Amino acid sequence: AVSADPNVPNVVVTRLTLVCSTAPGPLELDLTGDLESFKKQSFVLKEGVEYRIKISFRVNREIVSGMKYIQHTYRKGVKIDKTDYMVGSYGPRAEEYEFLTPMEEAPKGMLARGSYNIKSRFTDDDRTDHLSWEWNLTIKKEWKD
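See below:
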């Protein structure tokens with residue numbers, strides 16, 4: 060046999076980047092198969108840093124007009140705030156795309172320092188949900204020192 064039905068998906072979060080003004084670098088997270096490693100590691104940051112998010116996703120099936128990027132800030136198993144970032148429509152033609160969110164200040168404060176489990180659900184207008192994972196955000200005071 061020379062094939063096993065790879066089930067070519069339409070739109071799925073290929074990778075996740077995180078740039079900033081004083082960060083160590085664009086943290087890249089894997090969102091293809093090895094996702095279990097997310098709960099094993101977190102993202103170190105500083106008290107409420109203004110960082111942007113770059114989502115990447117392949118589109119080789121149909122045009123998904125109405126893509127959305129949600130994210131629930133879960134704390135110790137307790138959702139405290141969640142929002143939906145409208146990405147935009149994307150038609151298949153070559154490879155994935157590179158979305159970009161504005162600088163989002165994280166939670167700051169002496170107690171704000173710690174790991175923050177987040178719930179991101181990659182879906183569209185309403186047809187269905189492309190993919191969703193969970194990663195913790197470890198806040199700090201001088202991650203860039």
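In the deposited numbering, the protein residues as written are 60 to 204.
Beta carbons are placed, not taken as given, at the ideal position from N, Cα and C, and that holds for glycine.
- request: Find out if the Cβ-Cβ distance for the pair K127, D93 is shorter than 8 Å.
  value: no
- prompt: Under the rule that 16 or more other beta-carbon atoms within 10 Å means buried, what is residue 205, buried or exposed?
  reply: The requested residue 205 is not part of the displayed model; the chain covers only 60 to 204.
message: Looking at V70: is its Cβ nearer than 8 Å to the Cβ of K199?
response: no
- request: Identify, in the order they occur along the chain, each residue of the same chain with its Cβ nearer than 8 Å to the Cβ of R111, setting aside the five sequence neighbours on each side.
  value: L77, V78, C79, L159, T160, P161, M162 and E163
message: Considering only DSSP beta bridges, list what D143 is partnered with.
response: Bridge partners of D143: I129.
- prompt: Between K178 and the rest of its own chain, which residues show a CB-CB distance below 6 Å, the 5 nearest in sequence each way excluded?
  reply: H131, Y133 and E193
query: According to DSSP, which residues form a beta bridge with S124?
result: Note: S124 sits in no beta bridge, so no partner.
task: Could you spell out the range, first to last residue, of the beta strand (DSSP E) harbouring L196?
output: Following the DSSP letters along the chain, one finds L196 inside the beta strand (DSSP E) bounded by residues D188 to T197.
message: Closest to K141 by C-alpha separation, out of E201, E154 and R180, would be which residue?
response: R180
task: With a threshold of 16 other CB atoms inside 10 Å of the CB of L170, please say whether the residue is buried or exposed.
output: exposed
query: Quick one: what does DSSP say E95 is sitting in, helix, strand or coil?
result: helix
query: Are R117 and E155 touching if we call contact CB-CB under 8 Å?
result: Against a cut-off of 8 Å, the Cβ pair of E155 and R117 comes out as a contact.
message: Among the candidates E95, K138 and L88, whose CA atom is the shortest distance from the CA of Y175?
response: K138
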